[PDB]
Structures are given as structure tokens and as C-alpha cells.
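Chemist: What follows is a single structure, and I will ask about it in a moment.
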Ligand SMILES: [Zn+2]
Ligand SMILES: [Zn+2]
Ligand SMILES: [Zn+2]
Ligand SMILES: [Zn+2]
Ligand SMILES: [Zn+2]
């Protein structure tokens, strides 16, 4: 055939690459030792290598978008992994696929005979385990679903929240700017704990100001230079200054963790009586019966520290 | 120095384009080549065209499934390739184009041949800007990188050298390369990069290495828009200490244009001579060099940068006037050979840098 | 292809996967002025023009070395032929060549001429825009 | 719990109404602190004598108009915690049960 009539369609320039100036752009974008041909010869093919000789937009189980094996009998959408059993998309069933509920509604669900089926299943399990017989029968009628906590274990802890698709989320999720050094509610400067300064520099000399992050937990101002840090914490977790408890200890191994935040309805505060020697966890209070927080009687902290240092001395002294 | 400099270039590297808006174009290699040639430098280097690598050589570090998927995937056959696309991160960030396999083979062959030539002693200076994909790590395309031929280069150099040192100056951390040698003590990876909410995100200061690679990995966290006078000051003492202490036999340097002033994605304030300072300091120690080309998405700038560096390695200083290359239009109003830094404020305070020096040197105090 | 020394020096236990290091939030890019964006647009248009021209020129030279032989690096030519014969007839014509070389070569040369003319006009426009 | 601008939950009969604090009373100085604050009792501001000498607070009921601002002391203004929310829900459920008994 003669030529490609649909030759010049479009290019990055917007023009079909075969028109040129685009006069509107002309008015917009205007005012009013040899060559490389010798490289064919001085290029030597080097192969001296040592190895040269070698319906819905969400899954009906995960409630998320993605690969969907939708149905026709019931307008449902499932992820291929979010299916029981998990089916490989490579070897497609290539046929009519119905959900488990659709299968039960078609094969079994005669409006009255379903009682006959459940009765038969119960009487094939009444002699055997029958407490689970009803559940064992009924779970065969349900579509697979992603496992989620039962809406009350989470509520047992008032420090956790569910993310967008269902993820875990907690209390740590989160040119020249001299205003960053101003409290703006008391008019005071941000005296960093480490440097004891704000280091505002000046507008005339911006190269003397020092950046501050003002820790996201106890609001303590800190220089980026007082503690080594390259940039602010803006996208990730909430920044916390090093004036906070570890809440987790690896000792040589052995792991220690602090208990979680529970509702004060179920919180059982307790106070000891010895006040000098009382082995407690890190769950202390400075002033189901398993999460008792000790009221530590602060002077007891001093005492316990003192004889502890004494024992650390006598272990190596005697 | 007066080093015998070999050079590698395939004339097919400028004929493989990424997506239309994609910042990764290897055409920059081709006008960099033209900048090298029209300056009369072709009489000072040994030009070669290395053989493209084969699957058996990429499987040295990469995986058989990964390489196999690479050799068969095509924009035409993409729609049936769905599991591997997500599995190996070969989707949008690292797109699939017409000659992806050819380009990867060319880059790997060039770098692997450069390491081979360094091993045999044909040259003490091997240069391959086509390679330098320091982001992909053995199973996945990352940072527009698909094949980490750099690790193949270090593999071949280690075949001859007891110790090989890797330096990364790309504003992006050398994630794939440092991961490839996080546990071994033969190779030190030393990456100068921007640390923050940046695409690498890795390269933390306390990343000295795990296992036997403990204290054998250096990460330099930096803030925005460092300039020549500060980049050289943070560069030279650490390189001095590493050379004096780790004392590598071979050494590899990644020369990415991403840290250039006014890079399409870069945020550093390095001019031409600030960048060339690192190359001069590295060549100031005498050990064999295998120069690659990494980041950089302003081809008019990286071409000039690479031409100046190849002039510098041959111990000559090129003219500031252009030799009238073919792609003359690319080189701005004055058509000079330089990168002009901008007026932005450099935030790298000396105290943070000093703490960085203290930490790095204290860690290195145990690497006789 | 992993040799024993490769098994020795490599590392497959510890991986970072920056998404894990990014807290799955994302990455903060850099701020660029509109002038920089216009420079990027001009650079992109230049790169597209030059890439098309170079691919066409390489295929033209290869077709010349073929036709001068028949008078009596594996995907560039197929790609440029498909681009030129964008009517989906490139698939058949590539194999027809594999078994018509002068006509496709001369069509490529004509396309090269038009592309170079348009590139010169666009170079003028680009320079005029950039200079300010 | 009890601060200027902070949330609070105050009793009102067999049910509670959540409010936001605006003024904090100091019986010792006969003074309240407000926010847009050392200042005497206002010319139009006054507190009932059973809470003039106690730690009273000026609160605004959320979901209610700005004309329903009330001076409530420590007697009804409770501490906003998990127990406070659970107990508000408890008396809301008891009000629901009373309504249902009035109906069914
Ligand atoms: Zn799903
Ligand atoms: Zn169904
Ligand atoms: Zn400070
Ligand atoms: Zn703090
Ligand atoms: Zn880079």
C-alpha cells in the first residue's frame, strides 16, 4: 500500500512533530579534534572477562481494591488471594464462578428443604460432637473474609486505632523562618534543652539560625545540631526526644516490655507496704489482676537506686 | 599520575528511551560521548565497545527467575505478565520499554569488562558511564535501575584484589550496593547522599554494617543544597582516613550527576569544580579506578560534568569553550563547559557535620 | 551463575527495602520554580526530537549498508519501522524485509528530512524561549 | 480534665451534658480566668452562692446554642476520662430504657 496516510499523529511538542513552530508558541516563546565519525574505528570489542566463556471495587473479603474475581450469580468482588481456597490467577478457572453463598443458595436453598439438610447434618453429628455441629454446618454457607478483631478487644485498650484499610495505628503515628523559634502563645523563645539557646541568627545573617523540632510528646525544643539530625520528622512517626523511657529493654538474651494502656475502669492500681524492697516491673506510678501499676512512692526510687549501686560495688569489692 | 585510561562506549546506548516524561534518558551518555570526542580527547584514551553480558553472568548476583522475566518481558507481552510485574517492581517507577534487556546487557557487559581490564592490568583507569544502577538489588527494579552491574564490577575486582572500596557520591544512597556487601568485610561502601524524607530513605549514620561487614559501611547523611566548599570539606578527611586505615587494593567510584546544581531531581548546590574535586582527590591515591555514571537528569549538565571528569582523569584541563558538538543547542546561552550553582541557602551547619566526622572516625578507629 | 565466591561475599539475609525504611508514608521531593519546569519541558521536547532522529539515522545507515550489499542492536530498526509504519503494518513489513529494503529506506530518509527541518524550527523556538 | 478551654462533662439531673470550659473560678481571690486572665467578677457575670466559694467553671454546652452557657462548679463537672464516657453512655442507655418503658 502506497504510504502511511496516518503518519504524523502527535508528539511531546503537542504538534505531530511534522508541523514545526506552532505560531502561537512562536509569539509566546520568542522576543519579537574531529567530529564523532571517527569512533567507528577506534572502538575495539573487548571481551577479556574472566566469565566470558559462560462489580465491586473492593474484595468481598479484604474490602480492598486490586485483582478481582467477580461473580455473575451474586454481584460480588473478591481478591484472588482473598478466596477459599486461594486460586492462582495464572490458571484461570475459565468458567462461571459463584460465591459460597451463591453455591449454597443454588444447590441447597430449597425454601423448606434446607431444614431437612440441617437436620440431617445435625443427626450425623448429634451422636458425635454436636455442640459444634450447627457451626460446622453453617460455616459451609459463608464466603471467606479477612480476619478482624471482634470490636471489643481493641476497646480494651484506649491507645489503639484502626487505619484506613484496617491496619494497626497507635499514639506514635503522627526560606528563612525565624518564627519557628517563637512560642506564639507566650511570646517566648525556644530554649533547647541541650544548647540552652534558640540560636535565632538574624534576617540580615540567616546563616546563624539553628533549626528546632520541639519534641512531639513533651514539647521540648531541641536543635538539629544539639542532637545529630538531618531533617525534621513530618511524614513518618511522631518524634520523641531522648528524655523518655525506653518502654522496651533487651538485656543479655532477654526482652522486657511495658504493659499497654487499658481503660481506667479495668485498671487496678496498687501500692506496696515495704517501701524499700519491692520487686516491680516498669509499670509504676510516681507519687485480670495482672496489670497492676505500682504507686512507687518516689523516695523509694532513690532508696532502691542507692542500695542497688551499693550491691554493684560490693559484687566487685569483696 | 599520567594513567593509561581505557574507555568503553557502545553506539546503541543513545537509541533506547524511557517513557516520555521519564527523567531517565541514556541519551545523556551519547552527548557526553560527543563532548569527549570533539575535544580531541580520543587520542588520549583506549576506546572499546564491551561485549553485552549474558544471563549466566547476571545470575551471579541476580536471580534466574528475575533474569528470565527480564529477557522475555515486552511492552507487547505485558498484559499476561502480571505476577512478575508486581513481584519484581517492574511497573511504573521502573517502566518496561523496547530495548530494556539490550540496555541492561550493554551496561553489565561494559562494567564487567571494565573490572576485567582493571584486573588484567591493561589500564589502571576504566570508565563506564552506562553502568551505575546502584538501586536494584538482585530481585527487583528500583530507582529506575534494573541491573546492579556495579556489584558485578566489585565481584570481578575482588577476583584479583583482596580489598575493594566503593564510594557513592550520588545524592541517592547506594542502597543496592551497600546491601550486597553489608555482611562482608572485603568491600566498604561509602555513600554521600541526602538523608531525610528522600527517595533512598536508607543510608542512616548508624549503618556500619552487620555480621563481618560490621564497621565496613559508611553512610554520610547530608542536608539540602551543600556546595563545593562544604562538600569537599566533608569529603576529603573521611577519604583520607579510609585510605590510611582500610587501605583498599582496588576502588570503585560512582559518579552520578544528581548532586549537580539545578538537577531535575537533585537538591544539592554542587558546581562543576566541586564535583571534580572528589574525582581529583580519588585519583590522588594511585590505586586503580573504575569510574561509573549514576544519577543526573539534566543531560546538558551531566554531559559537561562527565566530559570534564574524563578530561581531568587524563591529567589535562579541557577548554571552557565548546568544540561545536552536534547537539550544540543543549548547552545554554553562553555554550560554555561549566555548571553554575544557584543562590539557595545551604543548611548544612558545621556542628552537625562535625558530629558526623566524630562518629565516622570513631567507628573507623577499629579498621586497621 | 552465582559462584562459590559470590555465595561468600554477597548478602541475602539483611534487606532494607526503603519502603520499610520510609514508614510506608512516602518521600518528600524538592521544590522547583516554574522556570525550571519550562526548562524541563524544553529539554524533554529536545530529547524526543533527537532520539527519534538518531534512531531513524541509525536505521537509515543500516538499511544503506544492506541495500548497497543487495544491489547485485536487534530492536532499534524494528521499533523505528513500527513507528514509521504506525498503521500496524510494521509487523508484516519487518518480516517482508527479513525475507522492499530501498522503499522503506527512502521513506525513512524522507521522514528524517522532515524531522530535521522541524527540529531546526523547534531549536530556534527553544533557544528564544530559554534565553529569557 | 479541668483547664481553660478543656472539655468537661457535667451532670444535669439523671443525665449528663458535655461542655467546654471557658472561665476558671478562684474562690480565694474572688476572680475568674477567661480566654478570648486576672479579672474580678464581672458586672453581668455572677455565680450561685453555693458555687461562688467553690472551684466553679463557665462552660458552653456542645450541640446547644451559645445562650446556654452555665456556671457549674466541681459538684457536677466531672473528669473527662474513659469512666466518664462509659458512665455518660450508661445514663444515656438508662434514659433510653426509661423512654421505652414510657412507650412499651
Ligand atoms: Zn481481597
Ligand atoms: Zn456467586
Ligand atoms: Zn540546642
Ligand atoms: Zn520528649
Ligand atoms: Zn542519583
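Protein chains in written order, with UniProt numbering: chain Y, 99 to 130, 166 to 187, 259 to 378, 400 to 477, 489 to 523, 534 to 564; chain G, 17 to 384; chain U, 769 to 840, 859 to 885, 890 to 922; chain L, 7 to 42, 57 to 124.
Backbone N, C-alpha and C define an ideal beta-carbon position, used for all residues, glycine too.
Taking CB distances under 9 angstroms as the criterion, tell me whether residue 118 of chain G reaches chain U.
Modeler: Residue 118 of chain G counts as touching chain U.
Chemist: Could you run through the stretch 55-78 of chain G and flag, in chain order, every residue whose CB is less than 8 angstroms away from some CB of chain Y?
Modeler: If the cut-off is 8 angstroms between Cβ atoms, the stretch 55-78 of chain G has 55, 56, 58, 62, 63, 64, 65, 66, 67, 70, 72, 73 and 76 near chain Y.
Chemist: With which residues is residue 521 of chain Y paired in a DSSP beta bridge?
Modeler: For residue 521 of chain Y, which the question treats as bridged, DSSP gives the partners Y:541.
Chemist: Could you tell me how far apart the beta carbons of residue 828 of chain U and residue 898 of chain U are, in whole angstroms, since I believe they sit closer than 8 angstroms?
Modeler: That belief holds up - the Cβ atoms of residue 828 of chain U and residue 898 of chain U are roughly 5 angstroms apart, short of 8 angstroms.
Chemist: For a test of the three-state rule: what should DSSP assign to residue 912 of chain U, helix, strand or coil?
Modeler: The answer is helix: DSSP assigns residue 912 of chain U an H, G or I state.
Chemist: Would you call residue 218 of chain G buried or exposed, if buried means 16 or more other Cβ atoms sit within 10 Å of its Cβ?
Modeler: Buried.
Chemist: Going straight from the alpha carbon of residue 373 of chain Y to that of residue 363 of chain Y, what length do you get?
Modeler: Cα to Cα, residue 373 of chain Y sits roughly 9 angstroms from residue 363 of chain Y.
Chemist: How about residue 39 of chain G and residue 160 of chain G: are their beta carbons less than 9 angstroms apart?
Modeler: The answer is yes: Cβ separation under 9 angstroms.
Chemist: Am I right that residue 20 of chain G and residue 139 of chain G are in contact with their C-beta atoms under 8 angstroms? What's the rounded C-beta distance?
Modeler: 5 angstroms between Cβ atoms; contact.
Chemist: For residue 337 of chain G, count neighbouring Cβ atoms within 10 angstroms of its own Cβ and tell me buried if that reaches 16, exposed if not.
Modeler: Per the 10 Å Cβ criterion, exposed.
Chemist: In whole angstroms, give me the CA-to-CA distance for residue 86 of chain L and residue 422 of chain Y.
Modeler: Their Cα atoms are separated by approximately 44 angstroms.
Chemist: Shorter than 8 angstroms, the distance from the beta carbon of residue 798 of chain U to the closest heavy atom of ligand 5, or not?
Modeler: Incorrect: residue 798 of chain U has no Cβ contact closer than 8 angstroms to ligand 5.
Chemist: CB residue 73 of chain G to CB residue 187 of chain Y, shorter than 9 angstroms?
Modeler: Yes.
Chemist: Check whether chain G comes within 9 angstroms of residue 779 of chain U, counting only Cβ atoms and requiring the distance to be less than that.
Modeler: With 9 angstroms as the cut-off, residue 779 of chain U counts as an interface residue toward chain G.
Chemist: Consult DSSP for residue 849 of chain U and reduce its assignment to one of helix, strand or coil.
Modeler: Residue 849 of chain U cannot be located in this model; chain U continues from 840 straight on to 859.
Chemist: What are the start and end residues of the alpha helix (DSSP H) that includes residue 818 of chain U?
Modeler: Its alpha helix (DSSP H) spans residues 802-838.
Chemist: Taking contact to mean at least 3 C-beta pairs separated by less than 8 angstroms, is the stretch 184-192 of chain G in contact with the stretch 144-153 of chain G?
Modeler: These segments touch.
Chemist: Which partner residues of residue 337 of chain G appear in the DSSP bridge assignment?
Modeler: Residue 337 of chain G pairs with G:352.
Chemist: I'd like the span of the beta strand (DSSP E) that includes residue 144 of chain G, first residue to last.
Modeler: From DSSP, the beta strand (DSSP E) with residue 144 of chain G extends over 141-144.
Chemist: Does the distance from the C-beta atom of residue 817 of chain U to that of residue 128 of chain Y stay below 9 angstroms?
Modeler: No, these two residues do not count as a Cβ contact at 9 angstroms.
Chemist: How would you write the range of the beta strand (DSSP E) that residue 237 of chain G sits in, first residue to last?
Modeler: Taken as a continuous stretch (DSSP letters only), the beta strand (DSSP E) holding residue 237 of chain G covers 233-238.
Chemist: If you pair each beta-carbon of the stretch 303-316 of chain G with each one of the stretch 264-277 of chain G, do three or more pairs fall below 8 angstroms?
Modeler: Short answer: they touch.
Chemist: I need the residues with a C-beta less than 6 angstroms from some heavy atom of ligand 5; please give them in chain order.
Modeler: Cβ atoms closer than 6 angstroms to ligand 5 belong to G:186, G:187, G:188, G:272, G:274, G:310 and G:311.
Chemist: At a threshold of 8 angstroms, does residue 465 of chain Y count as lining ligand 4 (C-beta to nearest heavy atom)?
Modeler: Yes; taking the cut-off as 8 angstroms, the Cβ of residue 465 of chain Y has a heavy atom of ligand 4 nearer than that.
Chemist: On the criterion of 16 or more Cβ atoms from any shown chain inside 10 Å, does residue 443 of chain Y qualify as buried, or is it exposed?
Modeler: Residue 443 of chain Y should be labelled exposed.
Chemist: State the Cα-Cα distance for the pair residue 369 of chain G and residue 170 of chain G, rounded to the nearest angstrom.
Modeler: Distance between the alpha carbons of residue 369 of chain G and residue 170 of chain G is about 29 angstroms.
Chemist: For residue 402 of chain Y, which of helix, strand or coil comes out of DSSP?
Modeler: Residue 402 of chain Y falls in the coil class under three-state DSSP.
Chemist: Exposed or buried, which one is residue 142 of chain G when buried takes at least 16 other CB atoms within 10 Å?
Modeler: So residue 142 of chain G ends up on the buried side.
Chemist: Between which two residues does the beta strand (DSSP E) containing residue 270 of chain G stretch?
Modeler: Element bounds for residue 270 of chain G: 266-270.
Chemist: Using the three-state DSSP reduction, which class does residue 177 of chain G fall into: helix, strand or coil?
Modeler: It is coil, neither helix nor strand.
Chemist: If I follow the unbroken alpha helix (DSSP H) through residue 250 of chain G, where does it start and stop?
Modeler: Unbroken alpha helix (DSSP H) run through residue 250 of chain G: 244-261.
Chemist: Using a Cβ-Cβ cut-off of less than 9 angstroms, give me the residues of the stretch 459-471 of chain Y that come near chain G, in sequence order.
Modeler: If the cut-off is 9 angstroms between Cβ atoms, the stretch 459-471 of chain Y has 459, 460 and 461 near chain G.
Chemist: For the candidate residues G:157, G:136 and G:210, whose alpha-carbon lies nearest to that of residue 179 of chain Y?
Modeler: Residue 179 of chain Y has its Cα closest to that of G:136, out of G:157, G:136 and G:210.
Chemist: Kindly list the residues whose CB is nearer than 7 angstroms to the CB of residue 901 of chain U, restricted to its own chain and excluding five residues on each side of it in sequence; keep chain order.
Modeler: Here the set comprises 824 and 870.
Chemist: Ends of the alpha helix (DSSP H) at residue 882 of chain U?
Modeler: Per DSSP, residue 882 of chain U belongs to the alpha helix (DSSP H) from 876-884.
Chemist: Which class does residue 39 of chain L belong to by DSSP, given the choice of helix, strand or coil?
Modeler: Three-state result, residue 39 of chain L: strand.
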